[PDB]
């Protein structure tokens, strides 16, 4: 059986707009979203509707009281953690070896993931290459870049990869 599934873990996100955009990405690729309290914003439809393009309503989402709660429920799992100080790009890990849940962990836009977690998981920390250390990407865009690298190595699972003949002879004619 296929047991391959993208799991996105957000460690104490601050910004409603970022969580909303991530929800929209998670719906698009059928990922599971794990959110670890506390949050910097009010978690409801009012604050997540616009940034999620209404995908708040359909996202597969689990909330946890704190890190300990999440770890308690996920014993002996590998976490791939995004850091400024991550050893190498995510494209350098071999995900074709894995037929299981993969967990991509993203921290607060301000200061990333707690140092004790990175230390614990230093061997599976990844970075997104940029021109320098004064540079940054929006956290929502990083969830997309990291997710689609794992998805490429899985041949995009059951996502729709190719245009039908309906599409092509529509554009190359009508």
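Positions refer to the first chain, counted from 1.
Between 24 to 32 and 37 to 45 (mean CA B-factor, as deposited), the higher: Result of the comparison: 37 to 45.
131 to 139 set against 108 to 116, stretch whose average Cα temperature factor tops the other in the entry: If you average the C-alpha B-factors of 108 to 116 and of 131 to 139, the larger mean comes out for 108 to 116.
B-factor third for the C-alpha atom of residue 147 within its chain: It belongs to the lowest third of the chain when residues are ordered by C-alpha B-factor.
Modelled-residue ranking by C-alpha temperature factor, third containing residue 82: Bottom third by C-alpha B-factor.
Ranked C-alpha temperature factor of residue 56 among modelled chain residues, by third: Tercile = middle for this residue's CA B-factor.
Ranked C-alpha temperature factor of residue 63 among modelled chain residues, by third: Ranked within chain, residue 63 CA B lands in the lowest tercile.
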